[PDB]
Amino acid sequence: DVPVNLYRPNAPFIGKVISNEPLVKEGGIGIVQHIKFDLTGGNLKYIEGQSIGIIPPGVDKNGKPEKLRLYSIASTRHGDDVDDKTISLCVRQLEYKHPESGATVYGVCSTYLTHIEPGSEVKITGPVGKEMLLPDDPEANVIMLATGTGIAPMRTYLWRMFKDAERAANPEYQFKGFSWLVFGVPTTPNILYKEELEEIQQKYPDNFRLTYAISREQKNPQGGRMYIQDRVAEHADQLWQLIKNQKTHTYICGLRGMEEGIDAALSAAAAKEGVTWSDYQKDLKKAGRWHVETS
């Protein structure tokens, strides 16, 4: 049922870029682009939470062809236009200062993508992944913890759940549970899809909660910059109480250094009721209700 590897690296699907739009507003840090590709002419199908690979042109320092890089799909299975004809990505241009050099280094595939022009042909593979799938149960509770581009799979869940056109297209999935997104980014201008996320909260106040952790505009109780683990700590009991429901699913996507703080917070909450979080968590993973995707 779940589509996987309809296209592989040795024979990728060649899709055409339809649009490449900026997501970081003025005054924000870095570049993050929402890129939409045309899937017509191929049979690439996918579902929420999956990823696709992108093979950039060129060779590496050793003269070897560039390998694919994975990107979390940012659109629902129907595409942003709900026409089953496209797929979108949320790509940050990777750039860092070279060790003891000061010179900025630019990621190969992400620079290629963020600067790509509409009409360009791109090699796509996939889809891949069965670790971040959304429950078919419309009554489920969905906790979403994300940082930066980790918002990608969350957008696919939230759009399917709350977009008017999606609800009209998915008679089998009329969401009426509770979803809570805790999103961490450095600045307000960096809140990806801010306008749309807030529109959902306004229209579905009883079904969607939105919490931000803005590091350059907020500080935690300790005086440090506000990060996602700080928000989880702040609402640890509320989160634990929700997680206890057998119908609750939790999704974590973003940097590889966020789970540690998250676990510390939930561990203290569960310990109050004589529960060892590490063990409970293991059981949640085994049951397919604790979804993590970081790097």
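One rule holds for the numbers: they count along the sequence shown, beginning at 1.
- Stretches compared: 27 to 35, 224 to 232. Higher mean C-alpha B-factor in the entry: 224 to 232.
- Averaged over CA atoms, B-factors in the entry run higher in 200 to 208 than in the other of 200 to 208 and 76 to 84.
- Sorting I55, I243, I47, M258 by the CA temperature factor given in the entry leaves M258 at the top.
- Take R216, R167, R155, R92 and read off each C-alpha B-factor from the entry; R216 has the highest.
- Sort the chain's modelled residues by C-alpha temperature factor and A269 lands in the middle third, per the entry.
- Per the deposited record, the Cα B-factor of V292 falls in the middle third when ranked against the other modelled residues of its chain.
- The deposited CA B-factor of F162 belongs to the middle third of values across its chain.
- When the modelled residues of the chain are ordered by C-alpha B-factor, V128 sits in the middle third.
- The deposited CA B-factor of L70 belongs to the lowest third of values across its chain.
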